[PDB]
């Protein structure tokens, strides 16, 4: 199976599981460049639930989209999994895959992906309305500065 997709699978801290390689850096809420897959080396009956969670120092449990998939033929194919939550400047998320067998199994993929709002990017007394709209249009400016 590794021959059909060379360099597209990677080892988890668990010897019974493999998961697709993720991009080092990726934009938040953007679709992934490679369908994310979790491969079970041992025998996992088709239909077992497999969930992934992302997190780290900043975000204990980052918000994800489509982080649940059904295991079929030792392979859980995630349908458009996306990272909504952010990992923090110069930081990465550690995925925590979890195959719900009986008992359940846990596999980790450390320092996997960094999620940011742009992702990998190309190198670069009474006052009037006018007065009120102005204060208003700045809010974020002064509000942040002064605080």
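Numbering follows the first chain given and starts at 1.
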Check the residues of the deposited sequence separating residue 124 from residue 125 and report how many of them have no coordinates, as none, 1 to 3, 4 to 9, or 10 or more.
-> 10 or more
Between 112-120 and 65-73 (mean CA B-factor, as deposited), the higher = 65-73
Would 28-36 or 97-105 have the larger average of its C-alpha temperature factors, as given in the entry?
-> 97-105
Going by the entry, which of 84, 41, 52, 49 has the most elevated CA B factor?
-> 41
